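Okay, so here's just one chain, in structure tokens, the form deposited in one PDB entry.
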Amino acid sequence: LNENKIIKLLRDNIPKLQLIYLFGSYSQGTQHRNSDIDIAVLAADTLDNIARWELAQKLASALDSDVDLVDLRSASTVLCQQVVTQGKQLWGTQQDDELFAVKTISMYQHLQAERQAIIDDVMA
């Protein structure tokens, strides 16, 4: 997987970009044939839902594969936890990654206490 191609397209299109992560099958090595590339980005502002989708399709065209682009600033705590745990950092400072993880893990630990009852009830 051309990670350099990924870093260039996102830097050239996202203003005030801070972090680029590769998650899902590709980050672990479970990357098969009809695989969907998963990318998580964090910038100073939130990316518009339409703008982000169109950008994922730009990466999809250049990579010749379906790409799922996630804006960490607007994604769920569950999704952010999945990125800090399974994800591989492609771009950004070590500091920004650490700061994002500390915020995420704390928020996820708080969410677990809040929704534990809902989790137990569905999982029987």
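Whichever C-alpha set is largest while still superposing within 1.5 Å between the two forms counts as the rigid core. Only residues modelled in both forms are compared. One-based numbering along the sequence shown.
If you look for the form deposited in another entry, you will not find it shown, but the lines that follow are about it.
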Determine whether the C-alpha of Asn13 shifts by 2 Å or more between this form and the one not shown once the rigid core is superposed.
yes
Could you tell me whether the Cα atom of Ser106 shifts by at least 2 Å between this form and the one not shown after core superposition?
no
With both forms fitted on the core, give yes or no for whether the Cα of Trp91 moves by 2 angstroms or more between this form and the one not shown.
no
Per the comparison in that other deposited form, the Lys16 and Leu55 C-alpha atoms (change 3 Å or more) are positioned closer
Using the form shown as baseline, tell whether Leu72 and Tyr21 are closer or farther in Cα-Cα distance in that other deposited form, where the change reaches 3 Å or more.
farther
Fit the two forms on the core and write out the ranges of at least 3 consecutive residues whose every CA moves by 2 Å or more between this form and the one not shown.
3-31
